[PDB]
Amino acid sequence: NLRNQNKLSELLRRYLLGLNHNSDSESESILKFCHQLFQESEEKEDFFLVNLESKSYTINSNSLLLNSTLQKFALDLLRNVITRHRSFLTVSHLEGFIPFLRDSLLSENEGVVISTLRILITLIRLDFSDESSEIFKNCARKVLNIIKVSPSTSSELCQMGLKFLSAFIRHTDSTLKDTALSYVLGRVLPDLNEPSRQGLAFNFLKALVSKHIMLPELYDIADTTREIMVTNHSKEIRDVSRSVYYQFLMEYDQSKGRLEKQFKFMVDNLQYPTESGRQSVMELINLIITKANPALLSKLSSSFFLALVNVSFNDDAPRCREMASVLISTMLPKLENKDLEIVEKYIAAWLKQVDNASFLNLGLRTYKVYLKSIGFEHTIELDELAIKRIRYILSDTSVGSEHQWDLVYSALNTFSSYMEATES
Amino acid sequence: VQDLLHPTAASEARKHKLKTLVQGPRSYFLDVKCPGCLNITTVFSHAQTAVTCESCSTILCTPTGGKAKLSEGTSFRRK
Amino acid sequence: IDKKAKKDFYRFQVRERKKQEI
Amino acid sequence: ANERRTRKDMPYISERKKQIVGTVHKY
Amino acid sequence: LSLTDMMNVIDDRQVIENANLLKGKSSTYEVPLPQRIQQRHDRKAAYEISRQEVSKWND
Amino acid sequence: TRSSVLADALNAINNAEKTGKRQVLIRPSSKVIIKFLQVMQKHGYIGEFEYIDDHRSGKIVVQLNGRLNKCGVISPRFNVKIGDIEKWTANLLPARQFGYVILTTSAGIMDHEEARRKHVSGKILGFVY
Amino acid sequence: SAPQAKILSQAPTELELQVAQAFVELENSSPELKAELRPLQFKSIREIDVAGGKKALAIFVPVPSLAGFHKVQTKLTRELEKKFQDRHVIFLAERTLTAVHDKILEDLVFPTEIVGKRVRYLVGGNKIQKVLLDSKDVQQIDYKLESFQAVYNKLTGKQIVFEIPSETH
Amino acid sequence: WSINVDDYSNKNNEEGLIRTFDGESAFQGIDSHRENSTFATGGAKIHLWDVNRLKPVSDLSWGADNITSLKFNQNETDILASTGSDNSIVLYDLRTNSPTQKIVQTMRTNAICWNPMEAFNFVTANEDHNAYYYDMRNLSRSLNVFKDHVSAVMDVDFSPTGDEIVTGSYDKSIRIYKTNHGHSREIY
Amino acid sequence: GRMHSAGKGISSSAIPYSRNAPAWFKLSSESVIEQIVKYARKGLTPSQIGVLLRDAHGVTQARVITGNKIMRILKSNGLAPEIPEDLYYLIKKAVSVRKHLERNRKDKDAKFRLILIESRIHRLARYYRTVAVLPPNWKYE
RNA sequence: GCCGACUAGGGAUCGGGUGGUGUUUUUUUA
């Protein structure tokens, strides 16, 4: 029964792990042994006779199951060996197993085919002859057939199929036709609604952007992946999705209207409710900050700045507040004189708002970020506003004073930084 | 014809208390507000005693065969 | 409540009765 | 029919609908 | 404080147009709903399409 | 004289099958009752059955497909041997291979088939056929 | 009050520290609810994923204090959910196995109540366990049943299906 | 299984079991997609299967409940319907690979048949001695009701002409109904 | 189901499924406990006590509300019956039927009911003796 | 008058309880 078959599969895995540490794994004899497994894998009389049995025998044929079970073991053993021992990973050593690989590729069982795909991905870099090279081409065709028959891309076989397609385009000079690439990308788009089981699909999507293959639906992927970062809870999916879109945004052509709308999302996604979603946006914005054109930075500098001071000033997560302050800190050196001049007006403006206490803390806290990023004495007028503002806070510290405890604490913080900057 | 495993909610409500799929009380409890002091008291639907306001010593309900009849003027809510 | 109350049900009650009896 | 002589509010139930207890999607 | 109020405090109208990304409808994505509530809507959405298909047979 | 809960359940199931009723409510429930029921069910004589817990003894409702000829609880509790089992079947079942005698042994409640295969013995409970 | 005081465990985990910090913040914000919140203290926390992908905060609590928590569990749970979105806040006490399992289930279904419990015995022999829940707060628990099965399976190691009668979900 | 047949004499074996499908749970119903080799099996869970794949290709399920019976459509072959033990009927579409609509009845339905001449129209064998005629698009109401049986109807079938339906019941009778009439014209 | 009578009545109370206190109940568990002691000090049996608490104080049940039976609550506080509720009532009824009988020496119906009452006492007295709540030497009158 | 561990019912009636309804009834003496 199936439960026992699952138990057998476990032992065969336990046996395989033991071989990895077995000294025989380092010899050439194992390759012959795996070779052996593959080829081994491939009326008057009744008128007189009393019958006392009313039960008929039930027909069963488990020979095929034995063939697949033995076939699976040899593939897993072979892949384990060649990965562990580099010398065995050679055309001469693995020429004989190619006819077995192609046969295993047509097998009904998915698991053996999955192992067939895993080894083939391992052998993609390896050189091969004309007869031994078509297997890569044929498998590329087969995985599409698997995708065609399969209802959903979220399948263990199909996901590995996409993994081989990624390697196929990445390494092999031959590339699939655009229409086939269009079809497969159409199928992953709905199944992308549940990114948790599409990690391998992302690696395939990474292959497409890596070679810069032009494909219409790939633009839909970028929009879909962008949402997945700020929404999906898993740490890994945000990282794998974060890089592909960033490369797509920075490599593929886009109309100017789209570019702004792409940067519309990040500043708006900065206000995402979930703390993790806002954090996912930090790495992208940090990526824009660290490596981008000065004109692109100057175009978007003023927007990124005051969007960051928000989450720095008002945000439920201290880390999001801390990171945004760090993000602002690494930007202010990079902003142009004009762009920084706009920053100079902003910090001065809130400090000028003596009437509102909420505006005040922004000026002082943002002034602290201004220091240690641009330094002191770059803008004397702003420094005087802070010093005057600090004086008016510290003077009114009496009981009759109406100043809130956050305000006097804020004045002390900016005051302390001002001491470290200057000895006046 | 009736589905014994999924009987209609009405059919259950119509039917006797105890013979049901899962027998449970049809009785219930009330908040009754004292007319005199406006204080609220908890009273059982089939209360067997003349429940009296502790503050007013005023009769809120009178026992009967089944449900106890709430006294005239006593405003009541299901609790 | 008073008409419904009984003088003699609880071990404490007869203990009171046992107290006054002697 | 006898109950209908006194009760004010008894919706008439279409027997094509009595067998239905509920549907997931309401239109 | 909100983002809009700060950008108003400048009162310049040339600083305002520099930060173009900030002006427009909020594109922050809504918090995901529970899966069944999502698929229930998905089931409802699918039932619409299937109805439209079979209606072609109506004529 | 009141009867055991097992006997009451068995009689209810037999009665309903014989009147053609397709659902039966059994009350009270028990592990002996429930176990005997999956034994029946594995032998296919009964279909889906469902358990209400009422925070009390509990209730069962059993789907019937009409293949139950007669089921009963045998008494008194006399012990049964392995190699001898067969004759009791010949005594307690209509024919050689038709019906299943239920027996509670050290390995649980089971028909005599899984019993002789496991080489286990114990107490007889009843019959189903 | 420091977050550590709220944490009975001598070595508080980081997430325990955040939740205790949120709890004391609620205390400070509260004018008089603090009077009930201050005595209340929790043993530990455990965060578990769900099929939908979100997480659930199972707070391990003492039973005699669990009573007091249950008195203020509604407001406290809503507030913590505000502090920790993407996470379902639940109070479970730490405690025969059938008794404790049903008590854990009762703690889970709180504030709502279990109308019943069903078990279906299939033809092949598969067992379907189900729990019938009242419609007091049907809308809210209709956003949370997946969390309920995840919690029950994770803790008790049992497969269970929470349903809500009187409505076709 | 494969069966040797005498339909044609253009040849002249391999008769018997051809392939087997192991399942974690018991199977209670089976139906085959007509256009393609794909078929579905209904047990504890409704599964979509391919002939050339030993494992269930796709898993369909509205909920934890088990499925008692299924029937593919003969005109819109991509649409499937199923019957559950909780007195429910569930509709599915293969083009979406998901269930589409569900309705709960006062009683379980034992069999479901789709009209060969009406793609959107099907009949259901119910356990209240009744057979219910349904339009797929609007399931809030039935098209027609058949009442002449005295025991639960166990099987129902459309005439391939689509203008009669036959019902089988536990009451030792077979009844034939005209599609537009609610009472049997005949009893066997 | 009646003994000593042909009645088959099934009238009784149906406990609710839920074994948790009502969500609507908002009074302290202890305050019940002193309150139970107060009537029981006044002289109401656990039976009447439960009637008053539910009728006027929303106490649906003594176990669900505080987790302990009122007897055990009373027993915890040093209070209990001498002889059980059930037997105690039978004795007085047997007393009253006898106190009738001497004055009216022609009540042939009443004397019969006495035998029914007395035999019920003997069975109930027998079993309470077995559980040891009643020490063995006890004999009826 | 077949009997029983035994199904679903029909009308009428006695006592109690729940719900509805509109005629008798009736009014801060009860």
# chains A, B, ... in the order shown; residues from 1 in each chain; ligands from 1

$ interface_residues --of "chain J" --to "chain B" --cutoff "9 Å" --atoms "only C-alpha atoms (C1' of nucleotides)" --output "PDB file with N, CA and C atoms (P, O5', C5', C4', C3', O3' and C1' of nucleotides), in the first residue's frame"
ATOM      1  P     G J  16     -55.379  22.273  33.752  1.00  0.00           P
ATOM      2  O5'   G J  16     -53.803  22.237  33.530  1.00  0.00           O
ATOM      3  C5'   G J  16     -52.943  21.968  34.622  1.00  0.00           C
ATOM      4  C4'   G J  16     -51.512  21.779  34.195  1.00  0.00           C
ATOM      5  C3'   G J  16     -50.903  22.872  33.337  1.00  0.00           C
ATOM      6  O3'   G J  16     -50.571  24.044  34.059  1.00  0.00           O
ATOM      7  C1'   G J  16     -50.277  20.764  32.487  1.00  0.00           C
ATOM      8  P     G J  17     -50.544  25.461  33.304  1.00  0.00           P
ATOM      9  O5'   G J  17     -49.273  25.366  32.348  1.00  0.00           O
ATOM     10  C5'   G J  17     -47.964  25.322  32.893  1.00  0.00           C
ATOM     11  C4'   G J  17     -46.918  25.073  31.834  1.00  0.00           C
ATOM     12  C3'   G J  17     -46.856  26.075  30.693  1.00  0.00           C
ATOM     13  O3'   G J  17     -46.189  27.277  31.028  1.00  0.00           O
ATOM     14  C1'   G J  17     -46.802  23.904  29.806  1.00  0.00           C
ATOM     15  P     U J  18     -46.603  28.655  30.313  1.00  0.00           P
ATOM     16  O5'   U J  18     -45.952  28.548  28.864  1.00  0.00           O
ATOM     17  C5'   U J  18     -44.554  28.363  28.704  1.00  0.00           C
ATOM     18  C4'   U J  18     -44.162  28.301  27.250  1.00  0.00           C
ATOM     19  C3'   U J  18     -44.742  29.389  26.357  1.00  0.00           C
ATOM     20  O3'   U J  18     -44.032  30.611  26.421  1.00  0.00           O
ATOM     21  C1'   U J  18     -45.104  27.304  25.348  1.00  0.00           C
TER      22        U J  18
END

$ closest_atom_pairs --of "chain E" --to "chain H" --cutoff "10 Å" --atoms "only C-alpha atoms" --output "tab-separated table"
residue	atom	partner	partner_atom	distance
E:36	CA	H:62	CA	9.9
E:39	CA	H:98	CA	9.3
E:40	CA	H:100	CA	9.1
E:42	CA	H:100	CA	8.4
E:43	CA	H:100	CA	4.9
E:44	CA	H:100	CA	6.8
E:45	CA	H:100	CA	8.3
E:46	CA	H:100	CA	5.8
E:47	CA	H:100	CA	5.0
E:48	CA	H:137	CA	8.6
E:49	CA	H:96	CA	9.5
E:50	CA	H:93	CA	7.4
E:51	CA	H:137	CA	5.4
E:52	CA	H:137	CA	8.7
E:53	CA	H:76	CA	8.9
E:54	CA	H:120	CA	6.0
E:55	CA	H:120	CA	8.0
E:56	CA	H:119	CA	10.0
E:57	CA	H:119	CA	7.0
E:58	CA	H:120	CA	8.5

$ residues_around --residues "residue B:57" --least-positions-apart "3" --cutoff "12 Å" --atoms "only C-alpha atoms (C1' of nucleotides)" --output "VMD selection string"
chain B and resid 34 to 37 39 41 50 to 54 60 to 61

$ write_last_selection --atoms "N, CA, C and O atoms" --output "compact mmCIF listing (two decimals), in the first residue's frame"
# COMPACT_ATOMS: atom_id res chain seq x y z
N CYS B 34 -36.13 47.79 38.17
CA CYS B 34 -37.11 48.13 39.19
C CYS B 34 -37.81 49.44 38.83
O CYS B 34 -37.13 50.45 38.59
N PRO B 35 -39.14 49.47 38.79
CA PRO B 35 -39.81 50.76 38.53
C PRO B 35 -39.48 51.81 39.57
O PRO B 35 -39.37 53.00 39.24
N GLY B 36 -39.32 51.40 40.83
CA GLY B 36 -39.09 52.38 41.88
C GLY B 36 -37.72 53.03 41.80
O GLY B 36 -37.62 54.25 41.67
N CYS B 37 -36.67 52.22 41.86
CA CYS B 37 -35.30 52.73 41.93
C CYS B 37 -34.54 52.64 40.62
O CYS B 37 -33.38 53.06 40.58
N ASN B 39 -33.12 50.27 39.39
CA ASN B 39 -32.04 49.30 39.43
C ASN B 39 -32.43 48.03 38.68
O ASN B 39 -33.61 47.68 38.57
N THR B 41 -32.18 43.91 38.00
CA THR B 41 -32.06 42.64 38.70
C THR B 41 -32.16 41.49 37.71
O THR B 41 -32.89 41.58 36.72
N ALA B 50 -41.32 34.94 44.28
CA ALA B 50 -41.66 36.34 44.03
C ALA B 50 -40.39 37.16 44.23
O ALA B 50 -40.10 37.64 45.33
N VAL B 51 -39.63 37.32 43.15
CA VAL B 51 -38.36 38.04 43.24
C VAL B 51 -38.62 39.48 43.65
O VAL B 51 -39.48 40.16 43.08
N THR B 52 -37.88 39.94 44.65
CA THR B 52 -38.07 41.26 45.24
C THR B 52 -36.81 42.10 45.06
O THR B 52 -35.69 41.60 45.22
N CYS B 53 -37.01 43.37 44.73
CA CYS B 53 -35.90 44.31 44.71
C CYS B 53 -35.22 44.36 46.07
O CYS B 53 -35.88 44.59 47.09
N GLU B 54 -33.91 44.14 46.09
CA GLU B 54 -33.17 44.26 47.34
C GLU B 54 -33.19 45.70 47.84
O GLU B 54 -33.27 45.94 49.05
N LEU B 60 -41.11 42.20 41.86
CA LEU B 60 -40.83 42.29 40.43
C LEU B 60 -41.56 41.23 39.62
O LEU B 60 -41.85 41.46 38.44
N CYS B 61 -41.86 40.08 40.21
CA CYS B 61 -42.45 38.98 39.48
C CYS B 61 -43.23 38.10 40.45
O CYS B 61 -42.97 38.11 41.66

$ select_by_dssp --residues "stretch 358-412 of chain A" --states "helix (DSSP H, G or I)" --output "VMD selection string"
chain A and resid 358 to 370 380 to 395 405 to 412

$ write_last_selection --atoms "N, CA and C atoms" --output "mmCIF file, in the first residue's frame"
data_model
loop_
_atom_site.group_PDB
_atom_site.id
_atom_site.type_symbol
_atom_site.label_atom_id
_atom_site.label_comp_id
_atom_site.auth_asym_id
_atom_site.auth_seq_id
_atom_site.Cartn_x
_atom_site.Cartn_y
_atom_site.Cartn_z
ATOM 1 N N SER A 358 4.096 69.754 17.660
ATOM 2 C CA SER A 358 4.360 68.601 16.804
ATOM 3 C C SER A 358 5.354 68.947 15.702
ATOM 4 N N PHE A 359 5.200 70.121 15.082
ATOM 5 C CA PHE A 359 6.189 70.566 14.104
ATOM 6 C C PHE A 359 7.565 70.686 14.744
ATOM 7 N N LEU A 360 7.609 71.059 16.024
ATOM 8 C CA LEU A 360 8.883 71.311 16.686
ATOM 9 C C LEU A 360 9.746 70.059 16.726
ATOM 10 N N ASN A 361 9.184 68.951 17.213
ATOM 11 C CA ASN A 361 9.972 67.739 17.399
ATOM 12 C C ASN A 361 10.534 67.253 16.068
ATOM 13 N N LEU A 362 9.787 67.461 14.981
ATOM 14 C CA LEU A 362 10.299 67.163 13.647
ATOM 15 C C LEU A 362 11.564 67.951 13.361
ATOM 16 N N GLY A 363 11.540 69.252 13.643
ATOM 17 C CA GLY A 363 12.698 70.073 13.346
ATOM 18 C C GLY A 363 13.920 69.613 14.110
ATOM 19 N N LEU A 364 13.748 69.343 15.404
ATOM 20 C CA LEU A 364 14.880 68.934 16.226
ATOM 21 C C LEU A 364 15.352 67.533 15.857
ATOM 22 N N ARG A 365 14.424 66.577 15.750
ATOM 23 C CA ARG A 365 14.810 65.219 15.375
ATOM 24 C C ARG A 365 15.404 65.183 13.973
ATOM 25 N N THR A 366 14.789 65.894 13.024
ATOM 26 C CA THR A 366 15.359 65.966 11.684
ATOM 27 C C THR A 366 16.673 66.733 11.686
ATOM 28 N N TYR A 367 16.801 67.737 12.557
ATOM 29 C CA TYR A 367 18.068 68.448 12.680
ATOM 30 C C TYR A 367 19.170 67.516 13.170
ATOM 31 N N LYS A 368 18.834 66.587 14.069
ATOM 32 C CA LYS A 368 19.811 65.589 14.490
ATOM 33 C C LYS A 368 20.269 64.744 13.310
ATOM 34 N N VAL A 369 19.334 64.335 12.451
ATOM 35 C CA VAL A 369 19.707 63.589 11.253
ATOM 36 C C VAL A 369 20.537 64.467 10.326
ATOM 37 N N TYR A 370 20.227 65.764 10.274
ATOM 38 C CA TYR A 370 21.032 66.683 9.478
ATOM 39 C C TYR A 370 22.479 66.688 9.955
ATOM 40 N N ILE A 380 24.248 77.783 8.615
ATOM 41 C CA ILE A 380 24.302 78.479 9.898
ATOM 42 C C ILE A 380 22.906 78.903 10.336
ATOM 43 N N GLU A 381 22.065 79.313 9.384
ATOM 44 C CA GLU A 381 20.730 79.794 9.727
ATOM 45 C C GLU A 381 19.920 78.708 10.425
ATOM 46 N N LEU A 382 19.977 77.479 9.910
ATOM 47 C CA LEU A 382 19.253 76.384 10.544
ATOM 48 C C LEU A 382 19.796 76.103 11.939
ATOM 49 N N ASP A 383 21.119 76.168 12.103
ATOM 50 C CA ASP A 383 21.715 75.927 13.413
ATOM 51 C C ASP A 383 21.226 76.946 14.434
ATOM 52 N N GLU A 384 21.144 78.217 14.034
ATOM 53 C CA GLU A 384 20.654 79.247 14.944
ATOM 54 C C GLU A 384 19.206 78.989 15.336
ATOM 55 N N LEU A 385 18.385 78.537 14.385
ATOM 56 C CA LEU A 385 16.998 78.218 14.703
ATOM 57 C C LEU A 385 16.922 77.116 15.752
ATOM 58 N N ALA A 386 17.745 76.077 15.606
ATOM 59 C CA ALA A 386 17.752 75.002 16.593
ATOM 60 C C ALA A 386 18.222 75.504 17.951
ATOM 61 N N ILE A 387 19.298 76.294 17.975
ATOM 62 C CA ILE A 387 19.818 76.797 19.245
ATOM 63 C C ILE A 387 18.795 77.706 19.913
ATOM 64 N N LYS A 388 18.180 78.606 19.142
ATOM 65 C CA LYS A 388 17.122 79.445 19.695
ATOM 66 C C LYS A 388 15.951 78.598 20.175
ATOM 67 N N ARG A 389 15.571 77.588 19.392
ATOM 68 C CA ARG A 389 14.475 76.714 19.792
ATOM 69 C C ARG A 389 14.826 75.933 21.053
ATOM 70 N N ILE A 390 16.075 75.476 21.163
ATOM 71 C CA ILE A 390 16.499 74.763 22.364
ATOM 72 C C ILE A 390 16.413 75.675 23.581
ATOM 73 N N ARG A 391 16.863 76.924 23.438
ATOM 74 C CA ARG A 391 16.835 77.858 24.559
ATOM 75 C C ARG A 391 15.412 78.079 25.053
ATOM 76 N N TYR A 392 14.465 78.256 24.132
ATOM 77 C CA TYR A 392 13.090 78.540 24.529
ATOM 78 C C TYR A 392 12.465 77.322 25.208
ATOM 79 N N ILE A 393 12.926 76.119 24.853
ATOM 80 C CA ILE A 393 12.435 74.913 25.519
ATOM 81 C C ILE A 393 12.995 74.812 26.932
ATOM 82 N N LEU A 394 14.317 74.943 27.075
ATOM 83 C CA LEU A 394 14.939 74.725 28.378
ATOM 84 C C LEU A 394 14.565 75.822 29.368
ATOM 85 N N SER A 395 14.286 77.031 28.876
ATOM 86 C CA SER A 395 13.874 78.108 29.770
ATOM 87 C C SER A 395 12.544 77.785 30.442
ATOM 88 N N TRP A 405 6.775 66.683 28.235
ATOM 89 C CA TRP A 405 8.014 66.004 28.605
ATOM 90 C C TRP A 405 8.770 65.519 27.375
ATOM 91 N N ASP A 406 8.048 65.156 26.314
ATOM 92 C CA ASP A 406 8.716 64.777 25.074
ATOM 93 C C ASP A 406 9.514 65.946 24.509
ATOM 94 N N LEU A 407 9.002 67.166 24.678
ATOM 95 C CA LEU A 407 9.655 68.337 24.105
ATOM 96 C C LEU A 407 10.980 68.632 24.798
ATOM 97 N N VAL A 408 10.981 68.670 26.131
ATOM 98 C CA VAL A 408 12.221 68.935 26.855
ATOM 99 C C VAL A 408 13.229 67.821 26.602
ATOM 100 N N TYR A 409 12.753 66.579 26.505
ATOM 101 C CA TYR A 409 13.641 65.475 26.159
ATOM 102 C C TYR A 409 14.204 65.645 24.753
ATOM 103 N N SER A 410 13.369 66.078 23.806
ATOM 104 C CA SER A 410 13.843 66.288 22.441
ATOM 105 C C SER A 410 14.888 67.394 22.385
ATOM 106 N N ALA A 411 14.675 68.476 23.137
ATOM 107 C CA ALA A 411 15.653 69.559 23.164
ATOM 108 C C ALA A 411 16.994 69.069 23.693
ATOM 109 N N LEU A 412 16.970 68.227 24.728
ATOM 110 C CA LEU A 412 18.211 67.691 25.273
ATOM 111 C C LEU A 412 18.940 66.834 24.244
#

$ select_by_dssp --residues "stretch 3-57 of chain B" --states "strand (DSSP E)" --output "list in words"
residues 29, 30, 31, 32, 33, 40, 41, 42, 43 and 44 of chain B

$ residues_around --residues "residue J:20" --least-positions-apart "5" --cutoff "12 Å" --atoms "only C-alpha atoms (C1' of nucleotides)" --output "VMD selection string"
chain D and resid 3 to 10

$ residues_around --residues "residue B:69" --least-positions-apart "2" --cutoff "12 Å" --atoms "only C-alpha atoms (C1' of nucleotides)" --output "PDB file with N, CA and C atoms, in the first residue's frame"
ATOM      1  N   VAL B  32     -34.473  42.676  34.678  1.00  0.00           N
ATOM      2  CA  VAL B  32     -35.684  43.443  34.944  1.00  0.00           C
ATOM      3  C   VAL B  32     -35.294  44.668  35.756  1.00  0.00           C
ATOM      4  N   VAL B  43     -33.500  37.923  36.768  1.00  0.00           N
ATOM      5  CA  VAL B  43     -34.639  37.083  37.113  1.00  0.00           C
ATOM      6  C   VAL B  43     -34.733  35.933  36.121  1.00  0.00           C
ATOM      7  N   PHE B  44     -34.953  34.733  36.649  1.00  0.00           N
ATOM      8  CA  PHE B  44     -35.125  33.555  35.813  1.00  0.00           C
ATOM      9  C   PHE B  44     -36.493  33.562  35.142  1.00  0.00           C
ATOM     10  N   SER B  45     -36.546  33.020  33.923  1.00  0.00           N
ATOM     11  CA  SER B  45     -37.789  33.038  33.158  1.00  0.00           C
ATOM     12  C   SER B  45     -38.891  32.262  33.868  1.00  0.00           C
ATOM     13  N   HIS B  46     -38.567  31.088  34.399  1.00  0.00           N
ATOM     14  CA  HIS B  46     -39.513  30.250  35.126  1.00  0.00           C
ATOM     15  C   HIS B  46     -39.258  30.327  36.627  1.00  0.00           C
ATOM     16  N   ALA B  47     -38.945  31.524  37.116  1.00  0.00           N
ATOM     17  CA  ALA B  47     -38.618  31.700  38.524  1.00  0.00           C
ATOM     18  C   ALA B  47     -39.759  31.215  39.411  1.00  0.00           C
ATOM     19  N   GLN B  48     -39.406  30.507  40.480  1.00  0.00           N
ATOM     20  CA  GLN B  48     -40.380  29.896  41.372  1.00  0.00           C
ATOM     21  C   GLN B  48     -40.737  30.779  42.560  1.00  0.00           C
ATOM     22  N   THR B  49     -40.099  31.939  42.699  1.00  0.00           N
ATOM     23  CA  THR B  49     -40.270  32.805  43.855  1.00  0.00           C
ATOM     24  C   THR B  49     -40.638  34.209  43.402  1.00  0.00           C
ATOM     25  N   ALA B  50     -41.317  34.939  44.282  1.00  0.00           N
ATOM     26  CA  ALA B  50     -41.656  36.337  44.031  1.00  0.00           C
ATOM     27  C   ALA B  50     -40.393  37.162  44.233  1.00  0.00           C
ATOM     28  N   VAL B  51     -39.626  37.323  43.153  1.00  0.00           N
ATOM     29  CA  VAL B  51     -38.360  38.037  43.239  1.00  0.00           C
ATOM     30  C   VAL B  51     -38.619  39.477  43.648  1.00  0.00           C
ATOM     31  N   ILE B  59     -42.042  43.893  44.728  1.00  0.00           N
ATOM     32  CA  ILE B  59     -42.244  42.685  43.943  1.00  0.00           C
ATOM     33  C   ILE B  59     -41.974  42.993  42.479  1.00  0.00           C
ATOM     34  N   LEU B  60     -41.107  42.197  41.861  1.00  0.00           N
ATOM     35  CA  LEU B  60     -40.830  42.285  40.432  1.00  0.00           C
ATOM     36  C   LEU B  60     -41.556  41.233  39.616  1.00  0.00           C
ATOM     37  N   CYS B  61     -41.856  40.082  40.208  1.00  0.00           N
ATOM     38  CA  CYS B  61     -42.455  38.981  39.476  1.00  0.00           C
ATOM     39  C   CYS B  61     -43.226  38.104  40.449  1.00  0.00           C
ATOM     40  N   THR B  62     -44.182  37.348  39.912  1.00  0.00           N
ATOM     41  CA  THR B  62     -44.996  36.441  40.700  1.00  0.00           C
ATOM     42  C   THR B  62     -44.921  35.039  40.106  1.00  0.00           C
ATOM     43  N   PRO B  63     -44.805  33.990  40.922  1.00  0.00           N
ATOM     44  CA  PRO B  63     -44.684  32.642  40.357  1.00  0.00           C
ATOM     45  C   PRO B  63     -45.976  32.195  39.694  1.00  0.00           C
ATOM     46  N   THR B  64     -45.834  31.325  38.698  1.00  0.00           N
ATOM     47  CA  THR B  64     -46.970  30.723  38.012  1.00  0.00           C
ATOM     48  C   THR B  64     -46.627  29.262  37.741  1.00  0.00           C
ATOM     49  N   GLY B  65     -47.495  28.584  36.988  1.00  0.00           N
ATOM     50  CA  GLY B  65     -47.217  27.202  36.632  1.00  0.00           C
ATOM     51  C   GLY B  65     -45.982  27.066  35.763  1.00  0.00           C
ATOM     52  N   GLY B  66     -45.857  27.923  34.753  1.00  0.00           N
ATOM     53  CA  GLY B  66     -44.704  27.918  33.875  1.00  0.00           C
ATOM     54  C   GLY B  66     -43.820  29.126  34.092  1.00  0.00           C
ATOM     55  N   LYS B  67     -43.760  30.014  33.102  1.00  0.00           N
ATOM     56  CA  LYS B  67     -42.994  31.241  33.265  1.00  0.00           C
ATOM     57  C   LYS B  67     -43.602  32.072  34.381  1.00  0.00           C
ATOM     58  N   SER B  71     -44.172  41.465  37.152  1.00  0.00           N
ATOM     59  CA  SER B  71     -45.116  42.406  37.735  1.00  0.00           C
ATOM     60  C   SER B  71     -45.367  43.570  36.784  1.00  0.00           C
ATOM     61  N   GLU B  72     -46.578  44.115  36.858  1.00  0.00           N
ATOM     62  CA  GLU B  72     -46.932  45.259  36.030  1.00  0.00           C
ATOM     63  C   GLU B  72     -45.990  46.425  36.301  1.00  0.00           C
ATOM     64  N   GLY B  73     -45.565  47.086  35.228  1.00  0.00           N
ATOM     65  CA  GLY B  73     -44.690  48.232  35.332  1.00  0.00           C
ATOM     66  C   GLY B  73     -43.212  47.910  35.329  1.00  0.00           C
ATOM     67  N   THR B  74     -42.843  46.637  35.425  1.00  0.00           N
ATOM     68  CA  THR B  74     -41.444  46.235  35.517  1.00  0.00           C
ATOM     69  C   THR B  74     -40.898  46.028  34.109  1.00  0.00           C
ATOM     70  N   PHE B  76     -38.219  44.918  31.315  1.00  0.00           N
ATOM     71  CA  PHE B  76     -37.397  43.713  31.295  1.00  0.00           C
ATOM     72  C   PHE B  76     -36.662  43.581  29.968  1.00  0.00           C
TER      73      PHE B  76
END
